[PDB]
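The next block holds one structure in the form of structure tokens; read it before the comments.
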Amino acid sequence: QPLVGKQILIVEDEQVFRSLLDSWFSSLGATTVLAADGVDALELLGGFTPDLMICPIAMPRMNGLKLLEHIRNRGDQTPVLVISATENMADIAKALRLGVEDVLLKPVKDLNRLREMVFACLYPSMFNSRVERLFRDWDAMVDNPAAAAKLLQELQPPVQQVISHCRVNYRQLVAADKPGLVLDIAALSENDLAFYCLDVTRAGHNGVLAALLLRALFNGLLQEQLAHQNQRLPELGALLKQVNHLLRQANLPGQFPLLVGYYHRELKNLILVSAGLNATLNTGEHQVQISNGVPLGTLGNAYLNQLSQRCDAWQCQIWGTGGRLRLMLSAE
Amino acid sequence: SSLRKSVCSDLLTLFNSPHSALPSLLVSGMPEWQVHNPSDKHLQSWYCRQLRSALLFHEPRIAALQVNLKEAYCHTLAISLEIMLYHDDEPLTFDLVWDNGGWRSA
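Protein chains in written order, with the authors' numbering: chain A, 3 to 134, 138 to 337; chain B, 19 to 124.
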């Protein structure tokens, strides 16, 4: 959750779009403050300086460009992202002169799909927010495959840890590349967790970059999904579909073999889905061999139906051409 | 291939049909702005960013896209689309030029 400790001012007169933006940023860990229009936004800025304000141009009482010029003329360096349906280039030129993160354009319907555009726009600043040295910001990573790779290796989980009342162990069993098969495991609450394994050798440099972006946004994507259902019933295939649209929008083409898993320590449910990776699950019940040779980045729609198996302890070999690892979980 | 031909024709329709799904800002706004205003590196990078997003939004068959403004056409706006399609191993480059109203396949 990369935005913990950060405040976002969401200015939006349309309730449907405001609630969407509220969910996306809350799921990344941000504190979100809501404003109905530009005067309400300006009044609220009287009390705090957010790490980001998001606003349209057209809106009641005070438009977005007069609000932007107002805070710029006063001295604020507050980052501003504009999301507008304007048809006037003078609006665009005025916003870029005044200083914005970007001016994004809306669609007629389907505001849901703006999420990838927004996250891909903002993700540089999220990576740089932890660079707190312009040899180590996001652009230097894009332009230096060696630095990118070794940073990714430095970020691998420890081989042994306790997450959500579970002992989680893993071990790399082959050394095919610099980084090869990469892994991340995260608590979703005190009682469940999720993980993914990504082979970064099939897209090369884009694979490392994809892994750094996914490490920052994976948890938040699952949190957003769980937030909209009463029973914590994750749909990992919907996650694969969204990660694929995210990498596409982030300009990270290539092949990304990716396995996603979820485990609830009380319900004892293990859920797996694999796009492009092999896995062998051993429990007390069965041995289960899963295969799928179609990685992310090769289909428009990356949705897959997930597998679920109740169990108390399990171990899982995951391999692709990039390497092989063993992930193990038992009760703490 | 039947695939590369249909994507190209439908891209052309996106840029020319008066009731395109692409934002009017990107089809006519930017060309008409460049005739009356000095060129600006920030506006041009902005234009390529949002045009790329809009095309990806409205053409599901594109897997990767780079949008660049061509230099040699200084008299008018000229765009270069480097596309990669799902299920086609080979890039597709489509070059468009604004003149006499709409856009033309160079």
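Just so you know, even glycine gets a beta-carbon here, dropped at the ideal spot from N, CA and C.
(request) Give a yes or no on whether the minimum CB-CB distance between residue 262 of chain A and chain B is below 7 Å. (result) no
(message) Tell me whether the stretch 209–220 of chain A and the stretch 250–263 of chain A touch, counting them as touching only if at least three CB pairs, one residue from each stretch, are closer than 8 Å.
(response) yes
(request) Note the first and the last residue of the continuous beta strand (DSSP E) segment covering residue 267 of chain A. (result) Per DSSP, residue 267 of chain A belongs to the beta strand (DSSP E) from 263–269.
(message) My output table needs one value for residue 325 of chain A: the three-state DSSP class, helix, strand or coil.
(response) strand
(message) Can you confirm whether residue 119 of chain A, when its beta carbon is compared against all beta carbons of chain B, has any partner nearer than 7 Å?
(response) yes
(message) By the DSSP assignment, the beta strand (DSSP E) with residue 86 of chain A in it spans what residues?
(response) Taken as a continuous stretch (DSSP letters only), the beta strand (DSSP E) holding residue 86 of chain A covers 82–86.
(message) Quick check on the DSSP output: the alpha helix (DSSP H) that includes residue 22 of chain A runs from which residue to which?
(response) 17–29
(message) Suppose you measure from the CA of residue 209 of chain A to the CA of residue 258 of chain A; what does that come to, to the nearest Å?
(response) 10 Å
(request) Quick one: list the residues of chain A neighbouring residue 60 of chain B, beta-carbon separation under 8 Å, in chain order. (result) 98
(request) Name the two residues that bound the continuous alpha helix (DSSP H) containing residue 91 of chain A. (result) 91–100
(message) Can you check whether the C-beta of residue 91 of chain A is within less than 7 Å of a C-beta belonging to chain B?
(response) yes
(message) Can you tell me whether residue 84 of chain A is buried or exposed? The criterion is at least 16 other CB atoms within 10 Å of its CB, across all chains shown.
(response) Buried, because 16 or more other Cβ atoms sit within 10 Å of the Cβ of residue 84 of chain A.
(request) Please state whether DSSP places residue 151 of chain A in a helix, a strand or coil. (result) helix
(request) With DSSP as the reference, please indicate the residues paired to residue 107 of chain B in a beta bridge. (result) Per DSSP, none; premise fails for residue 107 of chain B.
(request) Could you work out which residues of chain A lie near residue 82 of chain B, taking near to mean beta carbons separated by less than 8 Å? (result) 253, 256 and 258
(message) Between A:204, A:162, A:172 and A:154, which has its C-alpha nearest residue 183 of chain A's C-alpha?
(response) A:154
(request) Determine, using beta carbons only, whether residue 237 of chain A and residue 231 of chain A come nearer to each other than 7 Å. (result) yes
(message) Against residue 56 of chain A, what residues of chain B qualify as contacts under a CB-to-CB distance less than 8 Å, listed in chain order?
(response) Ordered by position in chain B, no residue passes the 8 Å Cβ test against residue 56 of chain A, which lies about 16 Å from the chain.
(message) Cutting at 7 Å between CB atoms, please list the residues of its own chain near residue 303 of chain A, excluding the five before and the five after it.
(response) 260
(request) Scan the stretch 62–75 of chain B for residues whose Cβ lies nearer than 9 Å to a Cβ of chain A and list them as they occur along the chain. (result) 64, 65, 67, 68, 70, 71, 72, 74 and 75
(request) Could you tell me whether any Cβ in chain B is nearer than 7 Å to the Cβ of residue 225 of chain A? (result) no
(message) Any beta carbon of chain A sitting closer than 7 Å to that of residue 43 of chain B?
(response) Taking Cβ atoms only, chain A reaches closer than 7 Å to residue 43 of chain B, which makes this a yes.
(request) Please check if any C-beta of chain A sits within less than 7 Å of the C-beta of residue 120 of chain B. (result) Look at residue 120 of chain B: its C-beta is not under 7 Å from any C-beta on chain A.
(message) Could you check whether the Cβ of residue 51 of chain B sits closer than 7 Å to any Cβ belonging to chain A?
(response) Interface criterion met: the Cβ of residue 51 of chain B is under 7 Å from a Cβ in chain A.
(request) Note down, in chain order, all residues in the stretch 88–108 of chain B with a beta-carbon under 9 Å from any beta-carbon belonging to chain A. (result) 102, 104 and 105
(message) At the level of alpha carbons, what is the spacing between residue 331 of chain A and residue 318 of chain A?
(response) 14 Å
(request) Please list the partners that residue 4 of chain A has in chain B, where partner means a Cβ-to-Cβ separation under 9 Å. (result) Ordered by position in chain B, no residue passes the 9 Å Cβ test against residue 4 of chain A, which lies about 22 Å from the chain.
(request) Check whether the stretch 138–153 of chain A touches the stretch 294–312 of chain A, counting contact only when three or more Cβ pairs, one atom from each stretch, lie closer than 8 Å. (result) no
(request) Rounded to whole angstroms, what's the CA-CA distance from residue 286 of chain A to residue 270 of chain A? Just pull it up for me. (result) Between residue 286 of chain A and residue 270 of chain A, the C-alpha separation is close to 17 Å.
(message) Can you check whether the C-beta of residue 36 of chain B is within less than 7 Å of a C-beta belonging to chain A?
(response) no
(message) Between which residues of its own chain and residue 205 of chain A is the CB-CB distance below 6 Å, once the five residues before and five after are set aside?
(response) 184, 187, 212, 213 and 216
(message) By the three-class DSSP mapping on this structure, what secondary structure does residue 77 of chain B have?
(response) coil
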